[PDB]
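Comments concern the structure below.
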Ligand SMILES: [Ag+]
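The structure is reproduced here in structure tokens:
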């Protein structure tokens, strides 16, 4: 039982899409996040290819729930749905 | 006298801001362009930091003239100011 909470993931290359926005919040809450090297496999490239555009902010992944990325990740932090998000990751 | 024309430059990292737009035209005209590794020095980072936003298209540099980037680079190609641009690089 290393962590009663869940594991968060983020779709972004190792430095250059500039995912400082997604980390900006995670840093303020000392939350955990896992980077994903894209442009390497058709499984990820195809996925990010859909949420890609103007090399906008990266995408966030919480458990079995999808997230638009920084836009939603930040939106929830404001409304007050980040706690239960980084703990479970619900869409409600 | 390797080239009676001038030298063009573009501000963008080595694959990841996705500068396919700027190259898209340069490729159609077989023009020359020089890439610039940003996020390495405060001299360039600070510059691009001003023309940066939503990871929009990169910036173009012609001789002693500044260019918004793909927006202007393409605009001129339409109006008919790309020839004298890649040859001298004027603002008129
Ligand atoms: Ag990169």
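Chains as they are written, first to last, in my numbering: chain Y, 200 to 291; chain P, 200 to 291. Heads up, the beta-carbon is just placed ideally off N, CA and C, and yes, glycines get one too.
Using a Cβ-Cβ cutoff of less than 7 Å, which residues in the same chain neighbour residue i once the five nearest sequence positions on both sides are dropped?
i, result
"residue 266 (chain Y)", "258, 259, 260 and 272"
"residue 276 (chain P)", "224"
"residue 234 (chain Y)", "209, 211 and 213"
Going by beta-carbon coordinates alone, are residue i and residue j separated by less than 8 Å?
i, j, result
"residue 204 (chain Y)", "residue 289 (chain Y)", "no"
"residue 255 (chain Y)", "residue 250 (chain P)", "no"
"residue 269 (chain Y)", "residue 226 (chain Y)", "no"
Considering only C-alpha positions, which residue in the set the options is nearest to residue i?
i, options, result
"residue 240 (chain P)", "P:270, P:201 and P:212", "P:212"
"residue 201 (chain Y)", "Y:236, Y:231, Y:219 and Y:210", "Y:231"
"residue 244 (chain P)", "P:210, P:268 and P:206", "P:210"
When the Cα atoms are used, what is the spatial distance from residue i to residue j?
i, j, result
"residue 246 (chain Y)", "residue 236 (chain Y)", "12 Å"
"residue 216 (chain Y)", "residue 283 (chain P)", "34 Å"
"residue 206 (chain P)", "residue 278 (chain P)", "21 Å"
"residue 291 (chain P)", "residue 238 (chain P)", "32 Å"
"residue 242 (chain Y)", "residue 229 (chain Y)", "29 Å"
"residue 280 (chain P)", "residue 274 (chain Y)", "44 Å"
"residue 248 (chain Y)", "residue 248 (chain P)", "26 Å"
Excluding the 5 residues preceding and the 5 following residue i in the sequence, name in chain order all residues of the same chain whose CB lies nearer than 6 Å to its CB.
i, result
"residue 218 (chain P)", "211 and 257"
Leaving out five residues before and five after residue i in sequence, what residues of the same chain have Cβ atoms less than 8 Å from its Cβ?
i, result
"residue 263 (chain Y)", "288"
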